[PDB]
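Q: Quick one: this structure, given as structure tokens, is what I'll be asking you about.
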Amino acid sequence: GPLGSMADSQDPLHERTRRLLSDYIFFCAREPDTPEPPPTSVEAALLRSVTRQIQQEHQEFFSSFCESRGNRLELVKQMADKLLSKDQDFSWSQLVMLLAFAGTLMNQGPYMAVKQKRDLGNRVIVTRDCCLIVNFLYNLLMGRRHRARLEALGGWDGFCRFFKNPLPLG
């Protein structure tokens, strides 16, 4: 199941993965006239360094779809089903891949961004699609078997060392 935990408010990575995933979506939608802010955690820093390459390499096709059928979400879940699974021993490479793609689908539909007053300049499509798009992935990895394994291999921590994080921290 996508849910399940022994803690109520003292959740382990529960809000750790959700916040991290959603954080990437915003960074991806980062207005084309304004750079996105820095990461929040180690996974956010490394992922942005590795996941960024996963898109520029694959996004080449993903983007095309992001503005093709508009099913940016339908594709986000579909992919996670091909790479990630429940009875399949996913891999770190698959985890970071989901994050990259997810954000790669993030579509926009503003009006006149030309006038960027602040950094919040963006349609609600990001927040709406961010909840659904991230809701699928977040739960995909935040599952019983998924999460269990994710951490069983060092968790977000093991990934940072696996993909050699750029920042000194973590």
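Residues in the structure tokens are named by chain (A, B, ... in the order shown) and by number from 1 within that chain; ligands are numbered from 1 in the order shown.
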Would you mind writing down, as a ChimeraX atom specification, each residue of chain A that DSSP on the backbone assigns to helix (DSSP H, G or I)?
A: /A:14-29,42-66,72-82,92-105,125-141,144-152,155-162
Q: Quick one: residues within 7 Å of range 23-37 of chain A, only C-alpha atoms, excluding same-chain residues fewer than 4 positions away - as an NGL selection string?
A: :A and (19 or 103-104 or 106 or 130)
Q: Please dump the current selection as a PDB file, in the first residue's frame; keep N, CA and C atoms.
A:
```
ATOM      1  N   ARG A  19       8.014  16.177  -0.008  1.00  0.00           N
ATOM      2  CA  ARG A  19       8.527  17.538  -0.112  1.00  0.00           C
ATOM      3  C   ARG A  19       9.649  17.619  -1.141  1.00  0.00           C
ATOM      4  N   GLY A 103       9.346  16.049 -13.389  1.00  0.00           N
ATOM      5  CA  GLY A 103       9.528  17.474 -13.602  1.00  0.00           C
ATOM      6  C   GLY A 103       9.563  17.839 -15.072  1.00  0.00           C
ATOM      7  N   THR A 104      10.026  16.910 -15.902  1.00  0.00           N
ATOM      8  CA  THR A 104      10.114  17.140 -17.338  1.00  0.00           C
ATOM      9  C   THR A 104       8.728  17.279 -17.958  1.00  0.00           C
ATOM     10  N   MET A 106       6.078  18.539 -16.259  1.00  0.00           N
ATOM     11  CA  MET A 106       5.516  19.789 -15.764  1.00  0.00           C
ATOM     12  C   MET A 106       5.240  20.754 -16.912  1.00  0.00           C
ATOM     13  N   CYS A 130       1.440  19.323  -9.942  1.00  0.00           N
ATOM     14  CA  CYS A 130       2.494  18.958  -9.001  1.00  0.00           C
ATOM     15  C   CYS A 130       1.963  18.009  -7.933  1.00  0.00           C
TER      16      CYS A 130
END
```
Q: Which polymer residues have any atom within 9 Å of an atom of residue 99 in chain A, counting only C-alpha atoms, with same-chain residues fewer than 2 positions away left out, as an MDAnalysis selection string?
A: chainID A and resid 21 24:25 47 51 94:97 101:104 134 137
Q: Separation of CA of residue 126 in chain A and CA of residue 144 in chain A, in Å?
A: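 Separation between CA of residue 126 in chain A and CA of residue 144 in chain A: 27.8 Å.
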Q: With only C-alpha atoms as the counted atoms, please give the residues lying no more than 12 Å from residue 145 in chain A, apart from itself and same-chain residues fewer than 5 positions off, as a ChimeraX atom specification.
A: /A:1-4,84-90,139-140,150-152
Q: Write the residues of the preceding selection, restricted to C-alpha atoms, as a tab-separated table (two decimals), in the first residue's frame.
A:
```
chain	number	residue	atom	x	y	z
A	1	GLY	CA	0.00	0.00	0.00
A	2	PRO	CA	1.05	3.63	-0.61
A	3	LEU	CA	0.47	4.39	3.07
A	4	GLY	CA	1.33	2.72	6.36
A	84	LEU	CA	9.63	1.25	-11.11
A	85	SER	CA	7.35	-1.47	-9.74
A	86	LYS	CA	6.14	-3.25	-6.60
A	87	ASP	CA	7.40	-6.80	-7.17
A	88	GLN	CA	10.44	-5.51	-9.05
A	89	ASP	CA	13.78	-4.79	-7.38
A	90	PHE	CA	14.02	-1.21	-8.63
A	139	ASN	CA	3.55	7.02	-3.43
A	140	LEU	CA	5.28	4.88	-6.05
A	150	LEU	CA	14.80	2.43	-0.92
A	151	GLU	CA	16.03	2.70	2.67
A	152	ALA	CA	17.18	-0.92	2.84
```
Q: One decimal, in Å: what's the spacing between CA of residue 157 in chain A and CA of residue 5 in chain A?
A: 20.2 Å
Q: Leaving out residue 111 in chain A and any residue of its chain fewer than 4 positions from it, which residues lie within 12 Å of it when counting only C-alpha atoms, given as a list in words?
A: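 Residues meeting the cut-off are residues 115, 116, 121, 122, 123 and 124 of chain A.
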Q: Taking N, CA, C and O atoms for each residue, export the selection above as a JSON list (two decimals), in the first residue's frame.
A:
```json
[["chain", "number", "residue", "atom", "x", "y", "z"],
["A", 115, "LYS", "N", 6.09, 40.13, -17.76],
["A", 115, "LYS", "CA", 6.18, 40.95, -16.56],
["A", 115, "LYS", "C", 6.34, 40.09, -15.31],
["A", 115, "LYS", "O", 5.37, 39.81, -14.61],
["A", 116, "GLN", "N", 7.57, 39.68, -15.04],
["A", 116, "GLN", "CA", 7.86, 38.85, -13.87],
["A", 116, "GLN", "C", 8.15, 39.71, -12.65],
["A", 116, "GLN", "O", 9.29, 40.15, -12.44],
["A", 121, "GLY", "N", 5.77, 33.90, -10.27],
["A", 121, "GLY", "CA", 5.14, 34.05, -11.57],
["A", 121, "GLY", "C", 4.96, 32.72, -12.28],
["A", 121, "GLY", "O", 5.90, 32.21, -12.89],
["A", 122, "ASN", "N", 3.76, 32.16, -12.21],
["A", 122, "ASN", "CA", 3.46, 30.89, -12.85],
["A", 122, "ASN", "C", 2.00, 30.50, -12.64],
["A", 122, "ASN", "O", 1.41, 30.79, -11.60],
["A", 123, "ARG", "N", 1.43, 29.83, -13.63],
["A", 123, "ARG", "CA", 0.04, 29.40, -13.56],
["A", 123, "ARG", "C", -0.15, 28.35, -12.46],
["A", 123, "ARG", "O", 0.82, 27.82, -11.93],
["A", 124, "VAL", "N", -1.41, 28.07, -12.13],
["A", 124, "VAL", "CA", -1.72, 27.09, -11.10],
["A", 124, "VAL", "C", -1.53, 25.67, -11.61],
["A", 124, "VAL", "O", -1.52, 24.71, -10.83]]
```
Q: Pick out the residues sitting within 10 Å of residue 163 in chain A, and hand them over as a list in words; count only C-alpha atoms, and ignore anything fewer than 6 positions along from it in its own chain.
A: residues 46, 47, 49, 50, 92, 93 and 96 of chain A
Q: Kindly save the residues from that selection, with C-alpha atoms included, as a PDB file, in the first residue's frame.
A:
```pdb
ATOM      1  CA  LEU A  46      22.318  15.385  -5.817  1.00  0.00           C
ATOM      2  CA  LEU A  47      19.112  14.632  -7.720  1.00  0.00           C
ATOM      3  CA  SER A  49      22.841  17.259 -10.353  1.00  0.00           C
ATOM      4  CA  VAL A  50      22.109  13.756 -11.643  1.00  0.00           C
ATOM      5  CA  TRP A  92      18.791   3.898  -7.576  1.00  0.00           C
ATOM      6  CA  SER A  93      19.044   4.844 -11.251  1.00  0.00           C
ATOM      7  CA  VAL A  96      16.371   9.524  -9.792  1.00  0.00           C
TER       8      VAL A  96
END
```
